[PDB]
Amino acid sequence: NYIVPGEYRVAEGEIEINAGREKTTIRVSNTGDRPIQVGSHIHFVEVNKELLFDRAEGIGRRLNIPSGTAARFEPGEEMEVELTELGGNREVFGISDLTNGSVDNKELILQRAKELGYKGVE
Amino acid sequence: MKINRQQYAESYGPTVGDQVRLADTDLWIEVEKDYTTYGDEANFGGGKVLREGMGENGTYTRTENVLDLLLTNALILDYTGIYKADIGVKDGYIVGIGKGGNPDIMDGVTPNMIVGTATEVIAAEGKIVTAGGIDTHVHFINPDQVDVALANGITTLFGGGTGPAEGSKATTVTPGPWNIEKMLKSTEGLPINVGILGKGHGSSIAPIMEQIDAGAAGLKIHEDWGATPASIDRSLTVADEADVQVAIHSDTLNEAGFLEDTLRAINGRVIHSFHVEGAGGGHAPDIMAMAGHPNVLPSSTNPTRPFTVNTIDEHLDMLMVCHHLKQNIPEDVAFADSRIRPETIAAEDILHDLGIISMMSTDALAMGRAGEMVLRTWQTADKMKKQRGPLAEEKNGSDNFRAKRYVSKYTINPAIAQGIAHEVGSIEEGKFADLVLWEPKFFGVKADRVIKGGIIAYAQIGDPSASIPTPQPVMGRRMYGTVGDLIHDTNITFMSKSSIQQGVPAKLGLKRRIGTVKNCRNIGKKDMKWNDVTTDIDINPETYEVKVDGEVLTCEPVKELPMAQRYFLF
Amino acid sequence: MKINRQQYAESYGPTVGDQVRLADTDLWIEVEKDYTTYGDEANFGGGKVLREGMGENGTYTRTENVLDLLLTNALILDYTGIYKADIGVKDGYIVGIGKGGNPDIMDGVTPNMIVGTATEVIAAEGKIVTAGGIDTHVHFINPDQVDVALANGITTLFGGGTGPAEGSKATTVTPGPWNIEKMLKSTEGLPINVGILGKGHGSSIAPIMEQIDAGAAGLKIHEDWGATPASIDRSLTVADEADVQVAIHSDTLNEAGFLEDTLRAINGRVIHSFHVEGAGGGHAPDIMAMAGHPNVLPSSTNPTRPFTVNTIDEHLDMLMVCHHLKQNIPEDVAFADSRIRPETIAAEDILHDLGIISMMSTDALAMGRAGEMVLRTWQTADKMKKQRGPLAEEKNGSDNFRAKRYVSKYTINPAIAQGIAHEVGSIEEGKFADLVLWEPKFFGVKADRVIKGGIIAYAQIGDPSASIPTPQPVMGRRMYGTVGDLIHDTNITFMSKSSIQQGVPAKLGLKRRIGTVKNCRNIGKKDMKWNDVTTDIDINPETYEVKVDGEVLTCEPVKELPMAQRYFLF
Amino acid sequence: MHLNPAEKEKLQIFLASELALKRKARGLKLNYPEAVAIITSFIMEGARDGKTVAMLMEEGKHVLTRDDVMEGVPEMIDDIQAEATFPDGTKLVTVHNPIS
Amino acid sequence: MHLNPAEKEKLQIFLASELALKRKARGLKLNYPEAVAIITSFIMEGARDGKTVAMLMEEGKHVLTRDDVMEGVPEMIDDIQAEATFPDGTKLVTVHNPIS
Amino acid sequence: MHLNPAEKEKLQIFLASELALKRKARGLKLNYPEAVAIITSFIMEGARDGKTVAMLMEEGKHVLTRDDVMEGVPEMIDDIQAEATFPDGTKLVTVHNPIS
Ligand SMILES: [Ag+]
Ligand SMILES: [Ag+]
Ligand SMILES: [Ag+]
Ligand SMILES: [Ag+]
Ligand code: NI
Ligand code: NI
Ligand code: NI
Ligand code: NI
Ligand SMILES: [O]
Ligand SMILES: [O]
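Residue numbers (the authors' numbering), protein chains in the order written: chain BBB, 5 to 126; chain CCC, 1 to 570; chain CCC', 1 to 570; chain AAA, 1 to 100; chain AAA', 1 to 100; chain AAA'', 1 to 100. A prime marks a further copy of an entry chain.
This is the structure in structure tokens:
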């Protein structure tokens, strides 16, 4: 009974994040010469044009990582990440201006991605 | 993907079933529920979630369900519960307790808690958030008293005084229309909520009522002005008509009556009994029996809180200095021994623990400490856990029942007693955003940030010349809520309905928010949250022993308290 | 009758060709010209020249070419020149730079610089006089920051914040109409000029524009809110319509783009690049290449200024504390090493010296020092003289060219960038009388007197109980310009044209002078006084080496600075 | 440090007490504010040591004697009052007629 | 002297450090603000001596040990931060986990 | 104590002088505010001792020498002025060119 003022006594167990949502693993390569770090809640298809991956598999999704954390890609680095599904209304506005509406509009998102040179539109 | 509960609590603050120690006390609070959706927690910073198109909505204008301010991941401690939520503020009021962010991409977002372009962020992860403290026994003696109150989490001062005049140095009284007008104008410069008490003394209605019409928010009956049957009766007749609260400091000397005479004058009407234990004042020796009655809203002042080894020696001498007593006048020695009683101070600890005394208060600068109402509330709860054990009502090994009973004593119960709980006293939707953030290590000792009307008024913060604000010296400082005209929009002057209907704010040029006192005459003990017990309190006239349900109430004084020498430089 | 030049300079301050050392630096400024008529110098005191019928005119009423205030014998240091003149002030503005006194008996009197009954005198003989500093990277976190700024000669604060909220602690942002209104009201109590930045974030125009209409003077794009292509584009569309400046802290993480992506979103529009070197924030590692572009107005923040032996150790740990980095998370270590770079901090010293970085600023209380913008400007110029030698442009062995290039970085250039150089930023006729007097021994370290709108606001002055004001303790103190309603007439709130046209000052009850932001969208690098260089800056992605015209920019860190341990008690 | 208003003020008392003690050490008879500062600081450091209110009410009457202070100073000081954090929290000490 | 706002504030830290050191010298276990004041003043006097930021980041972890302070104080102090004028101007020192 | 505004301010000078003297004792050359604080406090403690204005105008020129202070500090201090309560009430002392 050493007292640490304000200390936690946390319950037993683990917290599952993004419970009940579909998970998807994809390979992503930083084709650029500068580091890219991606946060938990950016619409994955709208990341830096120099990240090469199957852009279709980023639509309606974000990184399956604890809220407020990031995946880092060093220059030239290729690695796998796990994605989860966006929730709420599944709409995205702004960011890279690829969606500005429902994430259901896959053709329109990919058409804009390809036109602006977001790498990996099949 | 899963996070263990230690890392989860480090990142976002604790979640359901996690416990947190209150400062260096033995008291543990447990998270009862959490409004979050695990994985969609809101947070602010580099690469974090509250960013445009992500946890921040880039579409909605301010009017379209967007907050002015989100407190992320708060551990709320309130009479309404001990639980985890985001707190949304707009137009200076709490508009949502729930889950903030962006409905575009997040599950479970409370519909009026959108983070948008218009939203400021305060990170409350790992903080305890409470309502601002409501101190209803304030003597306005020295303006330096306001920062003292703010530094210990007090946001409302109810009481009276004109500064260090003897009337004000003894009594919570701003007497008469002119003094009340002058102190309402002074109040324009005080960065805290204020309500002013008039003199509850007279044998005609008009001299008392004209104070209510001038802008007083209530009355104080004090023995120093004559706590006679007539002054008690006229004050309560005025209060019943005006819908304001009466506080009473009764006739200690029993000059015109004993306790039963004061209760007969009250005649079942509603009254706030100040320092009900009686060291601070009242019918010797049995005043504390007031706390048993259904029409009495009973408060303690703080120097008796809780009962310690130095209490009696300190109080006998404090009373000698306060009253100019002479040790060679036997009548002065008999008076002091009739008023300073270990039997009633010890019973006062247990009456708090049982929910029979409903409220705390300071008695700031008259016979009590402006910055120690919150501090001594938790010291008392800690002492009672050590001496009486967990309350029967407790579950899961937590002190949540005792923590709700005790937080009620300095938040919601004084607000209800004063007729101001529509505006302040709890973290509820629709109430004024007076919020206190605490590091658990400093809980009840030194507030981190005090929010007044949705803007920070006071903060423990460091070197103003530094690259970042955390370097030494970290001290209590007034913030932008106190500066310029913002002091008007972030604070409330509480006033009688009649003074408001008669246009006193416009007459005096008051720019502060005007709060209406109301719903004070139709309440009783049953309305005191978690502290609603009526009972026959017997105080033995010979031994001063206190009995409830045939059982003597006694406990030992303690040699040591938590929330003391670990924290304070003096 | 002749005076030798040593006695002349002792009596009246220096004259043409005389040099003055700046504090304890190696930097010398030379008087380029003098407006006086030798023998008719103005001076005030017992038996001196500004007396009725003599150097003071006894005939003219105030309206008849008479000054409210004459600064006698000032050594002006300004982008417009380094020269000797009297400075005349009337209605709070500089109305004459030339020769004051009485045309009755004196030769060469500037016709609107009569000393009359209405004229106050400040003796500037032996003083250096500059414009007040314009700090365009202010976080409003702690009101104690204002005196810190005043004590080092800063008179305008542009930036954002609501006090020590996390949003404000990271970003120069007062978000949304309500926070902007509350901080305009707070501003009524701050004895310094202020302009407030809104949140430059959103994917719809209306949530951004409504901040401009509410009274914001500009916008801040910050990575912490999402420095995305959409937020950059919408902010600049709003700015082009509203005629206000946008500041940017870009996407350090390169999450949505690299530097070339941010520049494509900007699309040749005007923007202020904050902390362009990048330690304070921006595209890792090449953000500083922004300073080569003609549409970029580039500023440094001050902790990198200049490059010293403790800089890197201090900044790696400062970033760890600021960002809550963990030394056992390899991604955090890689991030810190990508952001804190000796190669870019060393090149930043030389880019200042070459006129490629146009502006200084603090980053007050977020990642920079409220009272060190002026101090570190001169420390940088001194280091560059020691390491690079006199600039080619210099003549007569003086540092006048380097002194004009460097004084421009914290006076006129931020004013031009913000759209406020019609009111402030230089000692020119027709501009607001924000003036700083310096003893040469204290130049850039501690201001003697700070004049705000023609009244002293802040002074290094001694014992207020003493027979005279020079006895100890001499310290920085607020003066009568800060007291009562005079704080309103001596300071400017800068606001958007739309907020002014919509009557926001009357709506909020603002009593301060209202300044109009304008002429911000039609400017570029070429408009930065003495700091107008566009060039291709190459930053090697592997080595972080910086090249301009095929030449690597590098210099050594210094172990010692002037304007440091000789002056400061801590 | 998290200094509150009283902790900042009470630093001043300790400082005035240090000044006064240096003046006593070089052989000066102490004046009114010096004597008050010495006895006040004694009380506050006593509380910090964990003494009782009763111990400090006794000890405070023996910190300075009339031969330590100027003519009239004993009669000017009716009592000296100080609040400090004891192990059992803030308490008030009054030392009555501290100097004879 | 020409004191600026920070020079006036930082005098208070030196004073709190002098108070704390006297309390340590008479055998008290130091509390939270005392420990912070001692380590803060050490850093600022170190800068004045001309030490490097790196030297003070090391030394600050050895000014006080857990046997110098009350139960829980080591765990209450995550870090101590101070800005002072080094020979090369103002720099920030942070001492991480100063007391174990 | 009944401190007036000047008594509170002048406590700060004594404190800065104590800080400076500790810095001199560990072998530092003193800077501008340190030198001013030492000589100022000397004057005020001299008045308290009952010295004359004439004695302090002489003595103040011998408190610090140029070998006690940094390069340029002697030339930065033209004079040091202080008001203090002498036995015959408040008087002004100016020490001209205190350091050569
Ligand atoms: Ag009393
Ligand atoms: Ag009394
Ligand atoms: Ag930072
Ligand atoms: Ag950071
Ligand atoms: Ni009372
Ligand atoms: Ni009272
Ligand atoms: Ni930045
Ligand atoms: Ni910034
Ligand atoms: O009271
Ligand atoms: O920044």
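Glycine residues also receive a C-beta, built at the ideal position from the N, C-alpha and C atoms.
With 8 angstroms set as the bound, which would you pick, yes or no: does the beta-carbon of residue i sit closer than that to a beta-carbon of chain CCC'?
i           : result
AAA'':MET76 : yes
AAA'':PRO98 : no
AAA'':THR52 : no
BBB:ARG116  : no
AAA'':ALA16 : yes
AAA'':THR85 : no
AAA':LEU21  : no
AAA':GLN81  : yes
AAA':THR94  : yes
Kindly indicate if chain AAA' contains any beta-carbon less than 8 angstroms away from that of residue i.
i          : result
BBB:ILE30  : no
BBB:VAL8   : yes
CCC:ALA459 : no
CCC:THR470 : yes
List the residues that DSSP assigns as beta-bridge partners of residue i.
i           : result
CCC':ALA459 : CCC':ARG449, CCC':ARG477
CCC':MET359 : CCC':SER299
CCC':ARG513 : CCC':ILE492
CCC:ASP313  : CCC:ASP313 is not bridged to any residue.
CCC:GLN245  : CCC:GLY218
Report yes or no: is there a C-beta of chain AAA within less than 8 angstroms of the C-beta of residue i?
i                         : result
residue 104 of chain AAA' : A question about residue 104 of chain AAA' goes unanswered here, because the residues of chain AAA' that appear run from 1 up to 100.
CCC:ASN328                : no
AAA':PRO33                : yes
Could you confirm whether any beta carbon from chain AAA'' is found closer than 8 angstroms to the beta carbon of residue i?
i           : result
CCC':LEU569 : yes
AAA':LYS8   : yes
Report yes or no: is there a C-beta of chain CCC within less than 8 angstroms of the C-beta of residue i?
i         : result
AAA:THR90 : yes
For a cutoff of 8 angstroms on Cβ pairs, would you count residue i as touching chain BBB?
i           : result
CCC':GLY257 : yes
Inset, instruction - Any chance you could list the residues with Cβ under 5 angstroms from a heavy atom of ligand 3, keeping chain order? - result: After applying the 5 angstroms Cβ criterion, the set is CCC':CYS322, CCC':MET367.
Inset, instruction - Please write down, chain order preserved, every residue whose beta carbon lies under 6 angstroms from a heavy atom of ligand 5. - result: Those satisfying the condition are, in chain order, CCC:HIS249, CCC:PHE274, CCC:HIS275, CCC:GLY280, CCC:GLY281.
Inset, instruction - Anything in the region 60-73 of chain AAA' with a Cβ closer than 8 angstroms to a Cβ of chain BBB? List those residues in chain order, please. - result: Contacts with chain BBB (Cβ-Cβ distance below 8 angstroms) from the region 60-73 of chain AAA' involve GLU71, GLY72, listed in chain order.
Inset, instruction - Residues of the region 435-457 of chain CCC with a CB closer than 8 angstroms to any CB of chain BBB: list them in chain order, please. - result: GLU439, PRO440, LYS441, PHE442, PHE443: these are the residues of the region 435-457 of chain CCC whose beta carbon lies less than 8 angstroms from some beta carbon of chain BBB, given in chain order.
Inset, instruction - May I ask you to list, following chain order, the residues of the region 105-130 of chain CCC that have a beta carbon less than 7 angstroms from some beta carbon of chain BBB? - result: Listed in sequence order: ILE105, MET106, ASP107, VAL109.
Inset, instruction - Please list the segments of the beta strand (DSSP E) lying wholly inside the region 13-88 of chain CCC', counting only runs of 3 or more residues, in order along the chain. - result: Segments of the beta strand (DSSP E) lying fully in the region 13-88 of chain CCC': 19-21, 28-30, 69-78.
Inset, instruction - Could you name each continuous beta strand (DSSP E) segment of 3 residues or more that falls completely within the region 119-185 of chain CCC', going from the start of the chain to the end? - result: With a minimum length of 3 residues, the unbroken runs of beta strand (DSSP E) contained wholly in the region 119-185 of chain CCC' fall at 120-123, 128-131, 133-139, 154-160.
Legend entry - Near-chain CCC residues of the region 34-55 of chain BBB - C-beta to any C-beta below 9 angstroms: Only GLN41, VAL42, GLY43, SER44, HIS45, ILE46, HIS47, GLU50 from the region 34-55 of chain BBB bring a Cβ to less than 9 angstroms from some Cβ of chain CCC.
Inset, instruction - Could you pull out every unbroken alpha helix (DSSP H) segment of at least 4 residues lying fully inside the region 351-408 of chain CCC, listed in chain order? - result: The region 351-408 of chain CCC contains these whole alpha helix (DSSP H) runs: 373-388.
Inset, instruction - Ignoring anything shorter than 4 residues or poking outside the region 39-94 of chain AAA', list the alpha helix (DSSP H) runs there in chain order. - result: DSSP runs (the alpha helix (DSSP H)) wholly in the region 39-94 of chain AAA': 53-59, 73-76.
Legend entry - Chain-ordered residues of the region 14-30 of chain BBB with a beta carbon less than 9 angstroms from chain CCC: If the cut-off is 9 angstroms between Cβ atoms, the region 14-30 of chain BBB has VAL14, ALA15, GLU16, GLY17, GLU18, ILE19, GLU20, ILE21, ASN22, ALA23, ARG25, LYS27 near chain CCC.
Inset, instruction - Scan the region 473-487 of chain CCC for residues whose Cβ lies nearer than 9 angstroms to a Cβ of chain CCC' and list them as they occur along the chain. - result: Listed by position along the chain: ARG477, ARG478, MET479, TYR480, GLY481, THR482, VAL483, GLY484, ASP485, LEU486, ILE487.
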